[PDB]
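A.B. asks: Chains as they are written, first to last, in the entry's author numbering: chain A, -5 to 238; chain B, -5 to 238; chain C, -5 to 238; chain D, -5 to 238; chain E, -5 to 238; chain F, -5 to 238.
For each residue, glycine too, the CB sits at the ideal point set by N, CA and C.
Here's a structure for you.
Protein chains: 6
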Amino acid sequence: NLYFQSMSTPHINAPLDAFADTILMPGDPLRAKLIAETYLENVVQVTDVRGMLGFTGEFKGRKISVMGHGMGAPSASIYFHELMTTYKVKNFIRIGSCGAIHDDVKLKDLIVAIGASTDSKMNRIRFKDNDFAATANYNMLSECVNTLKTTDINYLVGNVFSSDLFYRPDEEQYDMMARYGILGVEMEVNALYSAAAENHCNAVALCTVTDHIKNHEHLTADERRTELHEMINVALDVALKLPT
Amino acid sequence: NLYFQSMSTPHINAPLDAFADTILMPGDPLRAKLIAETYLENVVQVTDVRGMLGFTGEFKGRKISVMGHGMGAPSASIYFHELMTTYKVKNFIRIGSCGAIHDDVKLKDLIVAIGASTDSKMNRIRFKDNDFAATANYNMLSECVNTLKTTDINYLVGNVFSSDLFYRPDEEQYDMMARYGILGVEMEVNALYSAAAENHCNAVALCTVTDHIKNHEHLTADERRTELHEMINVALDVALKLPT
Amino acid sequence: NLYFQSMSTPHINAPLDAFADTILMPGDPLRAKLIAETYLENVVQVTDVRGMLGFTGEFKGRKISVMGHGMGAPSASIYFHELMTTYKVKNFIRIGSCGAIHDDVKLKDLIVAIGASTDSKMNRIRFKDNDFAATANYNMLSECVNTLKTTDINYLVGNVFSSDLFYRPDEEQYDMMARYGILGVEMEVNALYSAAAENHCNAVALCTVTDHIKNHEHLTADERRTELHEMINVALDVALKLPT
Amino acid sequence: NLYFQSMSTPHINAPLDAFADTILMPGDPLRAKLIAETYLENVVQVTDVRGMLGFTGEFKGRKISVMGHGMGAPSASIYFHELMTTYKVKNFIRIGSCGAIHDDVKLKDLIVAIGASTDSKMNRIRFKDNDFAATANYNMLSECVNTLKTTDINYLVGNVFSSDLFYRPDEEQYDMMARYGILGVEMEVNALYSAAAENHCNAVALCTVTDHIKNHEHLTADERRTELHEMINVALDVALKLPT
Amino acid sequence: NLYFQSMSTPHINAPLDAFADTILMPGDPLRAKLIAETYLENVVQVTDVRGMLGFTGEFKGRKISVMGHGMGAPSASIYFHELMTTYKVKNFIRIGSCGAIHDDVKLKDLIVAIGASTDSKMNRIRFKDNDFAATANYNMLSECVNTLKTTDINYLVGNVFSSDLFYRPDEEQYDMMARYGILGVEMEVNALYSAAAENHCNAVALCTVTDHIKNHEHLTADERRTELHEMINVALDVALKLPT
Amino acid sequence: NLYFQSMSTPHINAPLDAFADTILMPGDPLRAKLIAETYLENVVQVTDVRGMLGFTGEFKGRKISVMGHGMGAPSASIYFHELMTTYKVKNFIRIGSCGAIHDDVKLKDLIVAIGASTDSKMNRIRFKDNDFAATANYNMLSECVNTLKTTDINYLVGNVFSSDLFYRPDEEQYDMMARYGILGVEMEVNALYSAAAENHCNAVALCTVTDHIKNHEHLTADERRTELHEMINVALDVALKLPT
């Protein structure tokens, strides 16, 4: 069975057995490396195509993977597709950052995304120009909240907006987003939840409020480190509670 | 203060104080009447404009309202808007029915809707042609699941599709919906969740699988009665657990 | 032939023979009841599912039906579909109300709708995203005008706008509608004319200007009663002139 | 007042007073010439920019104009705009041809267009992506039918589809058009009715069924001449009945 | 072979052999006539249906055709389709005019169109609602620039915007066009480049800046004559360099 | 001037002076590194945020940069925006790969992209839902062709399709693309050309045909190396010919 022994994907160079059932994914592959090296035991780097580093190790006796997805729906969707099909990964926790768009949401809040609005056309293309509701797996959402209830993290459970556009002419659309309940803006949650729906996989996303777009305030580099730690402690706790 | 003493809305003829903080809404105003008369104590019919009956009574010492919303997003949205603004209702439980579109979903399953896809243009109009994620309030979603865990009801927590179209030429779009995880098809959940987002209100929807569109099977009238009872016992239990 | 003897639809509980060839439909089922009880002889209530009351009686020796369609295109379309197929009703007169959007249109004007613009996606879905022209049956339109010429009613023959949205943030879109000739705004005319086109049925709509959105003026309750009477006298006169 | 004495438009080189209140417009400027020279007395050619010939003469003591509009909505709209503004023409009769798309419509039928569907984006651009109902002036529509009732012409009063596309890969969309009541396909009626709505002008369109797209049959050249004559006799009769 | 001996198209009445391999097309058929009569030897008028004049003659020993395409994408597309199929014309040079929308572009500049944006729906209809890039044939583009380098003409190589709308309410969209690099506005370049893509034909467009929409300035009639001459000298030079 | 001395962007950690006027960008940052280390002299790695490596060095006495842009329009657009604004880079050569969709295009062909179609919504969002023509800078396009004419590379100058979707259900849309002249499919050319239009920058893209989607054939790893070398020799030759 050489064809299968040597099987990989165009964007991942891991052998087929290399990933855990559960994966944590930030956008930044260097953050994936920092996470794996800091929190996991017996770590192996399993993929590095295009510098998109992925790792598998153990946490408290459970196999866990960590890998970058890159920026934006089209990049993220490629890795989600390949992981959910070829590599048979089941559970996905996006560990992200977002920008707040209203003073009621504060720097250092942790958003647990029930759903994700978007300005991508990808779902319209696949879904006959209907509005696709991109939502989290309930069990993973609930596990996140149950872990968070045991912490001092200020968290919010609601919707994000996943945009193709990092740069925009002005803040007018941001005010409209806030009017209709959007808690923060980022780029890959809608893609994760949509890919998970297609592939019968389970997904949730945590997004630290690292920047306040409306208030023009930003966490320091050190503050980002602190809040990353809070989010990873939560994510790993959730991973440990998922069935095997 | 006569103007306020006599205030009402064009589609609701209740005085301003007439509703509870929490309302159960089926599509059918006669079902609202059956529910109020069966389950509530000290019931008052508070509105009847256009035959769209609404009621307020008590259950286990808590004030509860029950009212019909009619069929389809544009009808339902009118009542949601008026209730969430003028009448200051906070919490909404849609108590609905849906059609299943895949053999994995069974007649008598109870769908707890995390989100709702749609084919309405209403959100595109209000949201600059972006994709609006219409999702449930987490706390109400979780309370539903926590109540359901104490029962023998077969329930599923996932997405519905809210269509403007009851009648369609064929089942092709239904197969696409199922491919991407849609559990059932109905008409008003997306509108409820979208109105709740606009108005900072809290909403969830329960939908009994009363019909299987793909399998061509249907609950009997008596079976519908049975499953209605299961859903109302759950909804009232959730209402009692909500803050006051 | 028991299956046919007992045939009905999910939203109408009338036997198959219960309706006339010609039906008058307001949105409000209680208005349908008022009309039937006031103007028709030998009246039978033939349907009451969801409180959506329908009636059949006689006027000047001709069988006439009257029934509510509910609010908005998706609700109205369901009843139109079921009436035009299962119950084989041929001729439809929507007897409605609308809001004016320019001072040239006056309270108490009666709009005879040649056509209906819309913001619904329903026609785009069925019509390959083309612009569907939703227009009246000429013979019924002409009969309306020929009856109206024998009265003192101030009437206008032109276009309405059928919206999914009763509530809007501001009057900007209303000014655009008026710029391009829209005479009034309501919710179900486009659906009626589109269903009639699909089903080879004949339709027209009369809409009393009961409210002036731009001028912020409204008919009194008594004035609404008066203008209803004028519209029903016209509609019944038209029904009597239609072929049998 | 030299600026006004010499005023014209970029696509019409007539002095400002040169047109009648009522204009007949075919697509083909050579047909406009044939019509003017055959039917009108005291004819003057008033414009010839780009070969788009226009004429003014008298019929039975009334001033009448005749001018080509060219092919397609963007060409036709330019001439309609300039005529309805600068030259203050009030009444417009498009005298056109169309292709039938169902065996129920016959070669030599004359379609009187109540409305016109389309695949142009022009109205969506001007009308906030709503569906604009492009319909005829009722009085002109009724005058057409009243004249036609005095003839042996087989006529139909209903909807046309105005397409940007003369050439299409196959007849699939044509079958959809017929399913929803479209009587014939042409290119400029929607533009005429939309321009007339914008400019408070009065318009109607007559379209001879000269070709049957579905049946693959075509009028001979001589037959086209015959049916042109029938349509012009009707159009001129209608023009004479319009107020001055 | 009488059927082929007598073959023509509904909008062109030329025999099948009547056109050259290379055609120059302005919008205005009278300009086509002026060009043919001024520059070509041994000229024959080969078509005149609807006044849309076309000609074939010789320039410096090469056969060249010249013909009008009319105004707007739907008119132009018909002639392009018929020429590129039935009449087997290979090379197309649109010789047009455009309006400038920014002070950096000057009256008398000659725009060589690499590409053409648009507001037509025609490509969306044919191309599954994707964005079709309508671009020039490289070899013809390069030949244009190589000829222009030998002149004193101020030329620019970039993008035009082909609109269905000659008349617009204001200049807001024009400022957006300029923000994103559009050099001038006209109506038929996108259609030419799209038809050429469909039919494996080779196309380029030259557009004289005859009007400055933003600056409100216009070439005189005599100046238009001068710049026409410059453009035709360039176009004919390019035609002579194309393979046979 | 410390604020400017220390200025950088959220996705690039280079000092402001670190880039050349001209940059070569593949998707893969490891390919950028291979290119810089193989072809450039005096190389400095100037940025490495998120592993998105960029470099500046010299080739034949000219400063040249090389940097990865990541996968897909939203990722690529971020780097293009930051380079074209903050870092004042003027000239951009995308050095990419694409998949062919028709047997007429061969493995190892080098496509020089005049334009790029797309299925992204990004341009529709910024451009009022018009069709934006995303095209190359003519001078850079011509320099590419003039260099290629001096080689044995089989090259084609035409259009690519830039998709958000790497994975699709079937090849139906690919056949439509080929019908209308698309030479290959990739993900970032449209974004590059659109960003360059916004920012008055100059761009071109070369895409090696490394895979044939329709024929199901693929270059070997060694063959990819060979064709990369051919493309870089061309790109550097073009960079040397650009003004300073």
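How far does the beta strand (DSSP E) with E:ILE58 in it extend, from its first residue to its last?
C.D. replies: 56 to 61
A.B. asks: Do you know how far the Cα of F:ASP158 is from the Cα of A:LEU10?
C.D. replies: 26 Å
A.B. asks: By alpha-carbon positions, which one of A:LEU24, A:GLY51, A:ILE147 and A:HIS75 ends up nearest to A:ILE6?
C.D. replies: Looking only at A:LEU24, A:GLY51, A:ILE147 and A:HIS75, the smallest Cα-Cα distance to A:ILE6 is reached by A:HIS75.
A.B. asks: Specify whether the stretch 85 to 105 of chain F and the stretch 204 to 223 of chain F touch according to this definition: at least 3 beta carbon pairs, one from each stretch, less than 8 Å apart.
C.D. replies: In short, these stretches touch, since the Cβ pair count reaches three.
A.B. asks: Which runs of the beta strand (DSSP E) spanning at least 3 residues fall entirely within the stretch 154 to 219 of chain B, listed in chain order?
C.D. replies: 178 to 180 and 196 to 206
A.B. asks: Below 7 Å between beta carbons: does that hold for D:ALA110 and D:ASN184?
C.D. replies: yes
A.B. asks: Which residues, taken in chain order from the stretch 61 to 74 of chain D, show a beta carbon closer than 8 Å to some beta carbon of chain E?
C.D. replies: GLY62, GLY64, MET65, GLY66, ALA67, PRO68, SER69, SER71 and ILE72
A.B. asks: Enumerated in chain order, which unbroken segments of the beta strand (DSSP E) with a length of 3 residues or greater are wholly contained in the stretch 65 to 100 of chain D?
C.D. replies: Runs of the beta strand (DSSP E) inside the stretch 65 to 100 of chain D: 85 to 94.
A.B. asks: What residues from the stretch 170 to 189 of chain E come within 7 Å of chain F, judged by C-beta to C-beta, listed N to C?
C.D. replies: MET170, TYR174 and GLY175
A.B. asks: What in chain A is Cβ-close to F:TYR132, meaning under 8 Å?
C.D. replies: Here the premise fails: no neighbours, minimum Cβ distance about 27 Å.
A.B. asks: How would you list, in chain order, the residues of chain E whose beta-carbon sits under 8 Å from the beta-carbon of F:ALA191?
C.D. replies: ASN153, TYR174 and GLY175
A.B. asks: Check whether the Cβ of A:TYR81 lies closer than 7 Å to any Cβ atom in chain F.
C.D. replies: No, A:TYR81 does not count as interfacial toward chain F.
A.B. asks: Can you find a CB in chain E that lies within less than 7 Å of the CB of F:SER111?
C.D. replies: yes
A.B. asks: Tell me whether F:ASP216 is buried or exposed, calling it buried when 16 or more other Cβ atoms sit within 10 Å of its Cβ.
C.D. replies: Exposed, by the Cβ-count rule.
A.B. asks: For B:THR238, decide whether its Cβ has a neighbour in chain A, counting only Cβ atoms nearer than 7 Å.
C.D. replies: The beta-carbon of B:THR238 is placed no less than 7 Å from the nearest beta-carbon of chain A.
A.B. asks: Once the 5 residues before and after A:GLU31 are set aside, which same chain residues still bring their CB inside 7 Å of it?
C.D. replies: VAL37
A.B. asks: Which residues in the same chain as D:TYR187 place their Cβ atom closer than 7 Å to its Cβ, once the five residues preceding and following it in sequence are excluded?
C.D. replies: When the five nearest sequence neighbours on each side are left out, the beta carbons in the same chain lying within less than 7 Å of the beta carbon of D:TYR187 are those of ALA110, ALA128, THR129, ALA130 and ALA197, in order along the chain.
A.B. asks: Under 6 Å Cβ to Cβ from A:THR41, same chain only, skipping five residues before and after it: list those, please.
C.D. replies: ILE6, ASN7, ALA8 and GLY48
A.B. asks: Tell me the rounded alpha-carbon separation between F:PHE13 and F:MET46.
C.D. replies: 15 Å
A.B. asks: Using 10 angstroms around the beta-carbon of E:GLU166, count the other beta-carbons present and answer buried if the total reaches 16, otherwise exposed.
C.D. replies: A residue is called buried when at least 16 other Cβ atoms come within 10 angstroms of its Cβ; E:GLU166 does not meet this threshold and is exposed.
A.B. asks: Along the chain, where does the alpha helix (DSSP H) that runs through B:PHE(-2) open and close?
C.D. replies: -4 to -1
A.B. asks: Look at the Cβ atom of residue 307 of chain B, then the Cβ atom of C:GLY64, and state whether they are nearer than 7 Å.
C.D. replies: Because residue 307 of chain B is not part of the residues shown, which for chain B are -5 to 238, the question remains open.
A.B. asks: Compile a chain-ordered list of the residues in the stretch 200 to 233 of chain F whose CB is closer than 7 Å to at least one CB of chain A.
C.D. replies: Answer in chain order: no residues at all.
A.B. asks: Taking all protein chains shown into account, do 16 or more other C-beta atoms lie within 10 angstroms of the C-beta of B:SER0, making it buried, or fewer, making it exposed?
C.D. replies: Counting every other CB atom within 10 Å of its CB across the protein chains shown gives B:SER0 a total below 16, marking it as exposed.
A.B. asks: Apart from the five residues on each side of it in sequence, which residues of its chain come closer than 7 Å, Cβ to Cβ, to A:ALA189?
C.D. replies: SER71, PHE74, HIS75 and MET78
A.B. asks: Note down, in chain order, each residue of its chain lying with its Cβ closer than 6 Å to the Cβ of D:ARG56, except the 5 sequence neighbours on either side.
C.D. replies: Counting only Cβ-Cβ distances below 6 Å, and skipping sequence neighbours, we find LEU234.
A.B. asks: Provide the residue span of the alpha helix (DSSP H) that contains D:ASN140, from first to last.
C.D. replies: 132 to 142
A.B. asks: Taking the straight line between their C-alpha atoms, what separation do you get for B:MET170 and B:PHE121?
C.D. replies: When rounded, the separation of the alpha-carbon atoms in B:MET170 and B:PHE121 is 25 Å.
A.B. asks: What first and last residue would you give for the alpha helix (DSSP H) that runs through A:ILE147?
C.D. replies: Premise fails: A:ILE147 is in no alpha helix (DSSP H) and is neither H nor E.
A.B. asks: Which first and last residues belong to the beta strand (DSSP E) in which D:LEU18 is found?
C.D. replies: 16 to 19
A.B. asks: Is there at least one Cβ from chain F nearer than 7 Å to A:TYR161's Cβ?
C.D. replies: yes
A.B. asks: Can you pull out the residues from the stretch 45 to 56 of chain F whose beta carbon lies closer than 8 Å to at least one beta carbon of chain A?
C.D. replies: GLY45, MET46 and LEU47
A.B. asks: Give a yes or no on whether the minimum CB-CB distance between D:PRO23 and chain E is below 7 Å.
C.D. replies: Yes - at least one Cβ of chain E is within 7 Å of the one on D:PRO23.
A.B. asks: So if I threshold CB-CB distances at 9 Å, which residues from the stretch 1 to 12 of chain A count as touching chain F?
C.D. replies: Interface annotation for the stretch 1 to 12 of chain A against chain F: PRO4 and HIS5, criterion Cβ-Cβ distance under 9 Å.
A.B. asks: Taking its Cβ as the centre, do 16 or more other Cβ atoms sit within 10 Å of B:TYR(-3), making it buried, or is it exposed?
C.D. replies: exposed
A.B. asks: Counting only C-beta atoms, is B:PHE126 closer than 7 Å to chain A at any point?
C.D. replies: yes
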